[PDB]
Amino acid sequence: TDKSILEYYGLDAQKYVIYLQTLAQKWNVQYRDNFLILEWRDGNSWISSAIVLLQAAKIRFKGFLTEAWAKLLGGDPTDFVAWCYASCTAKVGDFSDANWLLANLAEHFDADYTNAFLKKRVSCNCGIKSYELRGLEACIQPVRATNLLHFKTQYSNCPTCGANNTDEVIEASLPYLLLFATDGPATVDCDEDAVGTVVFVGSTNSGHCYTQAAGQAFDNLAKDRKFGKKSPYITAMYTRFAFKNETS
């Protein structure tokens, strides 16, 4: 079929079927404080987590998702959530990955990808390499644990000289910073500067997630989940992240 449909929705054919399927869904919602929360059902929470996250980070969308996100916040998550499932080739009922979903959605954030940058420096026995990341790549950042301590200095091995190397963030200017865990949940303190986080509990093959923001936990299933500064985080998000360095 047509591709000014497949390209206006940002989905290939297979995913567009799933999208159409999921448009039949009705997602009940309620407010808790200033956050719109989807009622839990059918392995919902990876959808819910991302939605609370986006609200905490005051995110807006461009394209089709602009009005889909507006409709959700006005009380009708159908169009937005449908795209969410479709983007991850998932059917309602499926358990899945909030960071996968967030990376899909981030492509369509109404955000300053034009001017976003990270300046970095890697040191090894080869010498010292300075380099720069820009746009969306600069904003979405894999880390071992989701706080700035694990972001600003990362370590690996250099395949050329064989030495342990050190990759550090020297300067940053980003509309948002999205940290996501590379090896499943890792328990650390969150930064006070993080406007929101996602906590994952249980098996990574059969778990449950929820979002923390404004000193509260927003688990769309467990309504009495307790906020915890130190939690098994898979995600942390910062708004207008800016930093310029020093190291001596």
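Don't overthink the numbering: it's just position in the shown sequence, from 1.
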* Asked: Mean C-alpha B-factor higher for 197-205, or for 219-227?
  -> 219-227
* Averaging C-alpha B-factors over each stretch, which comes out higher, 142-150 or 86-94? -> 86-94
* Check the PDB entry and point out which of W69, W40, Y210, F180 has the largest C-alpha temperature factor. => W40
* Asked: What third of its chain, lowest, middle or highest, does the C-alpha temperature factor of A214 fall into?
  -> highest
* To do: Tell me, lowest, middle or highest third: where does the Cα B factor of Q55 rank within its chain?
  => lowest
* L102's Cα B-factor: lowest, middle or highest third of the chain? -> lowest
* To do: Classify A116 as lowest, middle or highest third according to the C-alpha B-factor given in the PDB entry, relative to its own chain.
  => lowest
* Comparing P159 with the other modelled residues of its chain, is its CA B-factor in the lowest, middle or highest third? -> highest
